[PDB]
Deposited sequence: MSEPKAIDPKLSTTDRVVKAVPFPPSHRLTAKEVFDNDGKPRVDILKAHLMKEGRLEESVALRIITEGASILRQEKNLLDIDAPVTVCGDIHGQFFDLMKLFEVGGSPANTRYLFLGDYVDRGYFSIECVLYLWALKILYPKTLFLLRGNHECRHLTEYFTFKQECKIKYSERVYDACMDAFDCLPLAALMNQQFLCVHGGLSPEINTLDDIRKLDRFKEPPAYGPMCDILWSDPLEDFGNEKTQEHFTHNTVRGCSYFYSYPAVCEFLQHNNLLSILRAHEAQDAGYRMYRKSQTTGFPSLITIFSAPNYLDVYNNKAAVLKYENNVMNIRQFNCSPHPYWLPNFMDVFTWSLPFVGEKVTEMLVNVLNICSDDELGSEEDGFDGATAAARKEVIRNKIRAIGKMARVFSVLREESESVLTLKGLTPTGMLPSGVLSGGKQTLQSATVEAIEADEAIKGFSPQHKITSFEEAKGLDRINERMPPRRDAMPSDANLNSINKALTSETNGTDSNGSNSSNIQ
């Protein structure tokens, strides 16, 4: 063929059928799924939707606040970095023999968001009682309409798939109590959430409201000077997210003691090391807060390591990992025609106008990324 860079793998034209995706017992065939997605193949739309809807039915029956036992591997933000997700399972262990908890933010930013969801939802159908998924702030219509996930679905699939995902995202639990010691949430605390029972009383099946306990769990961040605050104040509006709050070491210590908990494990903020252990609780000597970020070389520019948390034998071990190669895409999935046609029209016209007139760093990436980390408008 005409193909110049012959060695580059070309995406399969075959769309997997239901029989190729679900065995005769209705169990997702994950190895076949993983392989096709890694080559950038797609599924028949109906098969994709089945994965989404079957996944949502299982999530829908789960509690706002899940109870998860150790050993477990806890994971932070993925952000459609499908190829780093494959690496993450290698470092974390097979979900066949491993309990998993994901803290949210499966989509946006990365260009393999629908693969992450189809793959994760296939794993939830297969391991409904050992692999768990929480809602992150990006798992909503508001952020996915603003960032690229809605467009991605439109390119690779359809708005129908996008919608099925929005409905499925409304079903995701909001927190998890792990080994009866850790409260695991995507963002963090709320002035309006004092005990674990308060999370149980929320109605989560909805687009996250603009204000409130649900918005807060998903969006809250620890103060920038968490642990060394100049005040014993608890919550102050989150000027970084432009919504919800910044919570302090004293707010956390209070929540922990009141709920007889050891630490809050959350994700949401990119970390150069893939994680961050905060100030040790005065009472236990164990970090009062731990951030887990599981998207290496976030955005292809942060150059950060990623990490997962593996709790077992009473050892909370952080397993860091580096990025993996993934295919290339133009911004907003722009095709090369639309990309180059302007330059063509401009340059050939310019050519002829001329002829006729013959006769007359992590932080760098971070600060640069600021607006993208805040609550999109209205």
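In this chain, the deposited residues that lack C-alpha positions fall in the ranges 1 to 13, 374 to 468, 487 to 521.
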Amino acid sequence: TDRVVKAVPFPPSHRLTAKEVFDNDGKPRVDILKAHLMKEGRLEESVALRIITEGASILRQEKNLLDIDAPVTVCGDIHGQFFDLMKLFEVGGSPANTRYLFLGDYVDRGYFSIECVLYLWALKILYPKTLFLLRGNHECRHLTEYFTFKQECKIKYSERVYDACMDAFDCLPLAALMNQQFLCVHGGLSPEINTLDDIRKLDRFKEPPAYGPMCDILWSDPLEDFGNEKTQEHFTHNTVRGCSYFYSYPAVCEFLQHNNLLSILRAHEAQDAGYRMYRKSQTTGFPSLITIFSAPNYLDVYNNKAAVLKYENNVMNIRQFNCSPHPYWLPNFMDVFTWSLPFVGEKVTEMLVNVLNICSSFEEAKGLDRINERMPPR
From here on, numbers count along this sequence of modelled residues.
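Of the two segments, 307 to 315 and 22 to 30, the one listed with the higher mean B-factor is 22 to 30 (C-alpha atoms only). In this entry, 237 to 245 has the higher mean Cα B-factor, the comparison being between 167 to 175 and 237 to 245. Comparing C-alpha B-factors across 43, 59, 51, 35 in the deposited entry, the largest value falls on 35. Highest CA B-factor among the listed residues (207, 229, 197, 115): 229. Sort the chain's modelled residues by C-alpha temperature factor and residue 111 lands in the lowest third, per the entry.
Residue 288: CA B factor lies in the lowest third for its chain, per the PDB record.
Among all modelled residues in its chain, residue 281 ranks in the highest third by Cα B-factor. Ranked within its chain, residue 160 lands in the highest third, by CA B factor from the PDB record. The PDB entry assigns residue 65 a C-alpha temperature factor belonging to the lowest third of its chain's modelled residues.
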